[PDB]
């Protein structure tokens, strides 16, 4: 039984300003969640709210701690489905929903003498994450790309979306100095339908292959996502357009995308599990991503990825871009590789 739920503000600084389409961050403000059971067991989760994607604000999350306590204290974690249904009402605070739900499983796994990944199926023992190259000058982008490659990452995520011509130039240059690596391009909704297609064609013509082309158009433009998918040689993914299990069910029905970038910060554990099942029951493929989680937060996704083994690609580099005094995940990080203890 849950006897207490604590929310705490935790600030983390980025090695350097992180720039993506329409956004620049030098700080990541998260809300840490701790659940305490009467037995003494403590489960931990982390919420990394996004105003841009989920409409959330950290101050708002912190303001509802008491309501969260009233919602689930007294409930036994072995009846976790009840906790999941209740926390699903927090659809306006998706990142907190995710933290609370994971902390619940974290606590439950401890009581059962096991780990969250095994509770979810323990399908994989290891997964590899890519690392992101934020928007900057072509020169700096190429520089960072080389450094990432030299660090051992064989999947490089390239941000674009604000300048088609320069974006194409950047991808081409990066490709030259990182032969052997796969590439993921993320426009974070910056392109129009035709621009998105032009980008893919231009890069394809140079002999460059893109593993995943993330959310090229605006979030409401489902038809646009489909248009790019059907007129672009690379796998197209929905990120901002895919927050709930209902959004995914809709994207599948419309045959809108080849991929969906699942993020616990958008869907929580409950919807994430539904999306995994939906993808495995259709032609949809998945990749798991992140927002601004610290190591404790990425831990939630690592266990989810390892347990379900449902992803072709993993973009869980958030903690790698933040200055963090001490590692706090229940997993092992070895370069791009991640395993469980």
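Positions refer to the first chain, counted from 1.
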Practice prompt. Would you mind comparing 306 to 314 and 22 to 30 for me and telling me which has the higher average C-alpha temperature factor in the entry?
Written response: 22 to 30
Item to complete: Take the C-alpha B-factors listed in the entry for 70 to 78 and for 177 to 185, compute each mean, and give the stretch with the larger one.
Response: 177 to 185
Practice prompt. Have a look at 154, 266, 229, 245 and flag the one whose Cα has the highest B-factor in the entry.
Written response: 154
Fill in: Selection from 261, 270, 215, 205 [criterion: highest C-alpha temperature factor in the record]
205
Practice prompt. For residue 2, return the chain-relative third of its C-alpha B-factor as stated in the PDB record: lowest, middle or highest.
Written response: lowest
Discussion item. Which third, lowest, middle or highest, does the C-alpha temperature factor of residue 95 belong to within its own chain?
Written reply: lowest
Item to complete: Give the position of residue 220 by CA B-factor within its chain, expressed as the lowest, middle or highest third.
Response: middle
Discussion item. Looking at the temperature factor on the CA atom of residue 135, which third of the chain's modelled residues does it land in?
Written reply: highest
Response to the item:
Here the Cα B-factor of residue 85, set against its chain, lands in the third termed middle
